[PDB]
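Working notes for the structure below.
Reconstructed Cβ throughout: ideal geometry from the backbone, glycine too, with neighbour counts over all protein chains shown. Nothing in this text is a laboratory measurement; each read-out follows from the coordinates by a stated rule.
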Amino acid sequence: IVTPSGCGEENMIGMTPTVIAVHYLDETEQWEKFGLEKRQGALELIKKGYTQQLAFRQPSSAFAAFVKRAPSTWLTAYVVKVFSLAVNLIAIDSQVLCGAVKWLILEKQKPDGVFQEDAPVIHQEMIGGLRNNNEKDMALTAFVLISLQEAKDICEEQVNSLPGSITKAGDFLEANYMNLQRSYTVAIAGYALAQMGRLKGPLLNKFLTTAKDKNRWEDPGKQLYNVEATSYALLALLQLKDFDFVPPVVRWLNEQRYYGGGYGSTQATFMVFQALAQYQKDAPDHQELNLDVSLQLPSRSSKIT
Amino acid sequence: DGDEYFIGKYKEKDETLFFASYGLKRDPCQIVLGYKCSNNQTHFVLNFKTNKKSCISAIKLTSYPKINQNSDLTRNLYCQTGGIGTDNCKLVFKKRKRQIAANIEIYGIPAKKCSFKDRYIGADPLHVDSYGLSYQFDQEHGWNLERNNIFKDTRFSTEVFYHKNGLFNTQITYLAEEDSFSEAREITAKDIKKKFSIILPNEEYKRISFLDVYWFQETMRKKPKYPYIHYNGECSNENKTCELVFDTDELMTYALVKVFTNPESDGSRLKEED
Amino acid sequence: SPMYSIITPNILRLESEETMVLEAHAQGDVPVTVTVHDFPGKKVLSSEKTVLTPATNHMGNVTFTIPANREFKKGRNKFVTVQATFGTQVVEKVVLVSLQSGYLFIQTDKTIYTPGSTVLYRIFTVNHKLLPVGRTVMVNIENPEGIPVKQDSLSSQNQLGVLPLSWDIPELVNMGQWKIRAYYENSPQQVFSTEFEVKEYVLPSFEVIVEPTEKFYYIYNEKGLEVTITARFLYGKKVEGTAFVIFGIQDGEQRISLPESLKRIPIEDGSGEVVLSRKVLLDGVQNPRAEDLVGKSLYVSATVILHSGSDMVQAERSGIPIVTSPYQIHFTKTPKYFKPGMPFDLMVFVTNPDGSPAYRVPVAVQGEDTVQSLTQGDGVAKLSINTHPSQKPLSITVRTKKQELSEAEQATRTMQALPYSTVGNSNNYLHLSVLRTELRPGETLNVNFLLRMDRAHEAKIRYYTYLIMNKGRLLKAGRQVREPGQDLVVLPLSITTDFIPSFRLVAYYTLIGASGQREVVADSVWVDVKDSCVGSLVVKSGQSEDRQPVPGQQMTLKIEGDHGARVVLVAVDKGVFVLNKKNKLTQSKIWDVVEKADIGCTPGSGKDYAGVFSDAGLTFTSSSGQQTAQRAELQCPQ
Ligand SMILES: *[C@@H]1O[C@H](CO)[C@@H](O[C@@H]2O[C@H](CO)[C@@H](O[C@@H]3O[C@H](CO)[C@@H](O)[C@H](O)[C@@H]3O)[C@H](O)[C@H]2NC(C)=O)[C@H](O)[C@H]1NC(C)=O
Ligand SMILES: *[C@@H]1O[C@H](CO[C@@H]2O[C@H](CO)[C@@H](O[C@@H]3O[C@H](CO)[C@@H](O)[C@H](O)[C@@H]3O)[C@H](O)[C@H]2NC(C)=O)[C@@H](O)[C@H](O)[C@H]1NC(C)=O
């Protein structure tokens, strides 16, 4: 729980952990040992931060740190995803988010379907995995595609090019999955492709064999990357509904016991918490069991089923 | 193996409303989970009704022992009230002196996405219709033909009526080989009244050439009273939106329509017959 | 400044009626809107509006009904956020909902069955008002191993609470304790049980009871233990036969028999006289000290054979206690907190050491003198002791001054009491002490509102608001003015048939603690009523008791009951009670089930006002920020 204060960029850093904690508690049904309506104050501060973010609105129906500064594509996608994930507690602006989605699709995207950013964010802590300038373009495209698919459930009646942009991005990233070096980008690209269902065959090989030790997508520094990639894997498996590899990685997750804290350890925490929330929501208490047991007797004509 | 009678299309990814084995020689049945019977020498009626927010998708009855009689000569299963797409139907099945047992499973799908467009279309509808039978054409005029292996009935001249797996089917009027299938439309239960109409595009590449209708309807008797489906006006090139009205003696439960388009069509199709 | 607060029950049930109370301390017509919406999140369930009346001093006689929702469903339990707004300010609180939507009373026609018969049972689906309600029930019949052999699901819509079901026992079946487990369709954890025998038996022709002249046992008896045999036919006549009597000791999960005390006696005209000598009992065990038998009970197993050698009636009076003192003291219905300065009455429950209440027995104190009382039919005595005004804890024991008895046979037990945490050291308490008598419907109870404030601000308490909590609901509310100069007021409450089995009478009033600051002083007292029916259902014969009934004859039964009630009859032989009298339906069982499911277990007067209401089962919240805790389970701890 951190008080939301600062500029447009700083408000996200201030109020993101409270938002992720509130959603995780809501989905996990573990509110009984958190404070007995501390959610009231948490959501009041969240609404205050939402009003502060709205105060820096731009004519393009997007959001940014400065009123005069052009919005960033990654920042717009992150804001859209965060506001779309919170559509069950408080009222959220509908037309503004749809306009931001249309601006991202029609303007901040090449005709081939590749999204390109022009204004990098001021702060260097919330960038996450984009610090290394090796595969920035396709990583940005995948993140934008994920945010757009997350927001697809509402703004479809206001955007008509969204299915076309999604198809273009998926068909373009299908052929680029074999030319990736860093591991966590491989994981996130696999998750993005599996979101629609374009992760099958040799791609899974790169998810299984190319990964180091089949469970850790480690990189020099930024340990959170690992769990981030971990979460991606779970989501992909949860999209494919496979129980072969999920329990071991879930058990490995609990051995870390990380709850944020540090320099720019916010985006990864949000992604892992939302992945865990989806995991809890989708995974049943058991595995599928539906038997249809019949028997036949040489003395009875009917089949007893 | 057993005699399997089908209403609707089976789906492998859905759940069953219930499943019970019924002794057809019992008088009366056992009320399982709260559903009533009516058993006679010639009839077996199940007044099933569910208490879940879902709509019936299919019904399958398996009769024992297997008796070598074709199922397409007449009709055996039908929901007298309601039917497929509703939450309950009065399911009537006619028995025989040899059949002594039955096994009834009924499937339902969530009422939210209560649609059948994903199962009656198949992969390629261009050559295969909803019945799963291939299309046959004649070289006399390069058009379609007629099938004579299922249950059919006629009332007036040039009237087509087909009944298979609880599906009632009609074609107006005939289809050419070179025509390209465009799309399809569905009608839910909430949009169904005693009389209703449709509006379809008839401009540029969307010129109407051939239409087909598949539906599920109720019966008050073993012999049904077919709805009086007739086209109103002329689907000419001038009127941009063509319309079609339906007059029903018995209330319908589901409706599916497929659209066939050909810009080169003249808007009229009829053989040189009188 | 105008002052506002909320009064709500600690737990509310789905598909029922709940009542909250509002008070204004703000004369004037002010509307209040109460909104119930689900938790977690903000999704609306219900909304009600009501305007207060200055002429009525603004009591909240406002109710709501929680919707019969369906998406409430697994995982951890669920909470509900209840909100109130009197136009200008907002007060909300978290409350717990209960899957225990009601009670299911499964009653079978018998207790023991044979393979090849029919189990007939009725499920009575009541709600927390013991009233018929329509729900859906899932019933399972479990074998003695623990796996169901049949399951069913019925509905109680327009059935008036009676769900009659049946089951056929196969002729090739397993013998033992068969179970019926029925629970509401919405609550899979609300399992109600009914265990019945399946055995290969035959009807006994008489009941034998073995009764002691002294219902306990004493270590230092110089004569022995005398038990007598009453073998009477099930139609109330007298027998002629012989009997075999053996004894034993009821240790931990075992039974030790004494073949030396294997006696045979002639039952002389439905009577026997068996004497167990002390030497035989001493020789039964190998303990040099008899005092080591304290804490263990004996059992007498008798078996009476008729002179015809026909029937075989083995009866056991298990649990004959061996105690130095024949009286045992309890603190079950006595609070664990004492009131300094205020006289602290104690609810004394002295009984025979196996739970049966005593009678005409006094109570004594080590230091106090000349103070004694008497025990009425229920088994509760009364006393009054003045307490130390300081913070010294009080630990006292109950002694007995019964005549014709030795001073070494007086029981004792140390009791721990904790001082109340008065806010601001105001020394302001509350005591709703009631005179202990036999409470009956249609009578008047003179409830006393004991008061102890200071002369500085005693005259500023204009009125007292009392609330009655019965079966976990606010039964009634009321007010009584308190003019200055009065230290005691009496409320002649007309106790009706709706106060059964008990009622927590809690009282609350506002206060200012030493500087312009809001406080609430409140307390509740446990009051129990004699446990008769809420209605009046009796059965008798319409004849004039001319002569005895004869087999095959008709009698015109007379049944007296309510109007619009559905009475179900069951005629069952007492031979099943001979073979197995366990698990029988009685109104006392119904009231015990209610009490075990009641929201309160501690008598009241907790550490603080929040503890006071937690014991009383209430949630108070106001704009000042004062709030109580919450509980998530269904039954009280331990
Ligand atoms: C054998 O039993 C079946 C039922 O299991 C009988 O079928 C039922 O027959 C009755 C009377 O013929 C039909 O009732 C009709 O109801 C309409 C409603 O308006 C009414 O207008 C008609 O005049 C008639 O009373 C009922 O619909 C029918 N049920 C089905 C499912 O067909 C059958 O008649 C019996 N055969 C015998 C007794 O020979
Ligand atoms: C496309 O529309 C065609 C014409 O519409 C029908 O006919 C007349 C116009 O020809 C419509 O208006 C009527 O005009 C009359 C004067 O001729 C008026 O007296 C009358 O009150 C009415 O206003 C009429 O509403 C419309 N329907 C009918 C049933 O007449 C039609 O002929 C074509 O079939 C249609 N194309 C389709 C249906 O595919």
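On the basis of the beta-carbon distance and an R0 of 51 Å, C:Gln480 and C:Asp354 show a calculated FRET efficiency of 0.75.
Under 16 Å of direct C-alpha separation, and excluding same-chain neighbours fewer than eight residues apart, A:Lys108 reaches these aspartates and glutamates: A:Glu117, A:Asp118, A:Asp137.
For region C:465-571, the alpha-carbon coordinates run over 83, 27, 22 Å along the three principal axes, in decreasing order. Summarising the amide proton neighbourhood of C:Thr397: residues at separation of 5 or more, or on other chains, whose placed amide H is nearer than 5 Å comprise C:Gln366.
Using C-alpha pairs below 8 Å separated by at least 6 residues, the relative contact order for region C:126-219 is 25 percent.
Partnerless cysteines in chain C, where a partner means another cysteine C-beta under 4.7 angstrom, comprise C:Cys533. Here the contact order of region C:533-596, divided by its residue count and restricted to Cα pairs under 8 Å and six or more residues apart, works out to 32 percent. A simple rule links phi to the HN-Hα coupling: the Karplus curve 6.51 cos²θ - 1.76 cosθ + 1.60 with θ = phi - 60°, which for region B:134-151 gives 6, 7, 10, 10, 10, 8, 5, 9, x, 10, 6, 9, 10, 10, 9, 10, 10, 7 Hz, with x for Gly and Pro. Could you tell me whether region B:7-125 comes out rounded, prolate or oblate from its Cα gyration tensor? Rule is a ≥ b ≥ c as square roots of the eigenvalues, rounded for a/c under 1.5, then prolate if a/b exceeds b/c, otherwise oblate. Judged from the Cα gyration tensor, region B:7-125 comes out oblate (a/c at least 1.5, b/c at or above a/b). Measuring nothing but how far apart in sequence close Cα pairs (under 8 Å, 6+ apart) lie, relative to its length, region B:158-274 scores a relative contact order of 38 percent. Give the residue from C:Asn127, C:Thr194, C:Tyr103 lying farthest towards the positive end of the charge dipole for region C:103-203; charges sit on Cβ (+1 for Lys and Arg, -1 for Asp and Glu) and the dipole is referred to the Cα centre. So the residue we want is C:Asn127. The chymotrypsin sites (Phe, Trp or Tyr not before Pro) of region A:1-93 meeting both criteria, a DSSP state outside H, G, I, E and B (loop) and at most 15 other C-beta atoms within 10 angstrom of the site's C-beta, are A:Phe34, A:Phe66. Of all DSSP bridge pairs formed entirely within region C:103-203, close to 95 percent run antiparallel.
The antiparallel fraction among DSSP beta bridges confined to the protein assembly as shown stands at about 95%. The dipole here belongs to region C:169-220: it is taken about the Cα centre, uses +1 on the Cβ of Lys and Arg and -1 on the Cβ of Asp and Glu, and is about 180 debye. Sparsely packed loop sites in region C:381-418 (the trypsin sites (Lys or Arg not before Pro) outside DSSP H, G, I, E and B with at most 13 other Cβ atoms within 10 Å) comprise C:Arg413. When the C-alpha to C-alpha distance is required to be over 26 Å, the pairs from A:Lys214/B:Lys11; B:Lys113/B:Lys206; A:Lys241/C:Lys73; A:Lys38/C:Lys74; C:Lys74/C:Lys607 that qualify are A:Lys214/B:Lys11; B:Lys113/B:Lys206; C:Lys74/C:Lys607. Seen from all directions on average, chain C presents a Cα convex hull projection of 36.3 nm². In chain A the Cα-Cα distances spread across 20 Å bins starting at 0 as 31, 56, 10, 3, 0 percent of all pairs. Each label point was placed 7 Å from the Cα along the Cα-to-Cβ direction; for A:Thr209 and C:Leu234 their separation is 8.2 nm. Database note for chain A: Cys without another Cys beta carbon under 4.7 angstrom, A:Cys7. A Cβ-based charge dipole, computed about the Cα centre of the protein assembly as shown with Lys and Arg at +1 and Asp and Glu at -1, lands at about 1560 debye. Dividing the summed helix terms, -39500 (n - 2.57) for each DSSP H run of n ≥ 4, by the number of residues in chain A produces a 222 nm estimate of -16500 deg cm²/dmol to the nearest 500. The calculated pair-distance distribution of region C:103-203 uses every alpha carbon pair, bins of 10 angstrom beginning at 0, and gives 15, 48, 27, 10, 0 percent.
The orientation-averaged projected area of the convex hull spanned by the Cα atoms of region C:204-325 comes to 7.9 nm². Residue separation of C:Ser395 and C:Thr85 scaled by 0.36 nm, minus their Cα-Cα distance, works out to 106.9 nm of gained length. Relative to the Cα centre, the charge distribution of region C:29-183, modelled as +1 at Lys and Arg Cβ and -1 at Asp and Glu Cβ, gives a dipole magnitude of about 360 debye.
Dipole of the protein assembly as shown computed with +1 at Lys/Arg Cβ and -1 at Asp/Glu Cβ about the Cα centre; of B:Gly108, C:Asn143, C:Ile559, farthest Cα towards the positive end is C:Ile559.
Rounded to 0.05, the FRET efficiency of the A:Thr28 and C:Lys49 pair, given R0 = 25 Å and the Cβ-Cβ distance, is 0.10. If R0 equals 35 Å, the separation of the Cβ atoms of C:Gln554 and C:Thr213 corresponds to a calculated FRET efficiency of about 0.20. Counted by Cβ distance under 12 Å from C:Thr213, the other residues give a net charge of -2, where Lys and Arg count +1 and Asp and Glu count -1. Take the Cα radius of gyration of region C:194-238 and divide it by 2.2 N^0.38 Å, N being the number of residues; the result is 1.76. Ordering C:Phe338, C:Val361, C:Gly424 by the projection of their Cα atoms onto the charge dipole of region C:326-427, which places +1 on the Cβ of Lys and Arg and -1 on the Cβ of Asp and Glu, puts C:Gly424 at the extreme positive end.
Among the GluC sites (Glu not before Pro) within region C:239-294, those in coil by DSSP and having at most 16 neighbouring Cβ atoms inside 10 Å are C:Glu240, C:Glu253, C:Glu268, C:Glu273.
Among the listed pairs A:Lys33/A:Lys152; A:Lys47/C:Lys93; A:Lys102/B:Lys53; A:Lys136/A:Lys200, those with a Cα-Cα distance over 26 Å are A:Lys33/A:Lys152; A:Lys102/B:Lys53.
Evaluated over region C:103-203, the count of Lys pairs having alpha-carbon atoms less than 24 Å apart is 6 (only pairs 8 or more residues apart or interchain).
Here each label is just a point 7 Å from Cα along the line to Cβ, and for B:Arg185 and C:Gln403 those points are 10.5 nm apart.
Here the Kirkwood formula, the inverse mean of 1/r across different C-alpha pairs, assigns the protein assembly as shown a hydrodynamic radius of 38.9 Å. Taking 1.306 mPa s as the viscosity and 10 °C as the temperature, the Stokes-Einstein diffusion coefficient of region C:1-88 based on its alpha-carbon Kirkwood radius rounds to 111 µm²/s.
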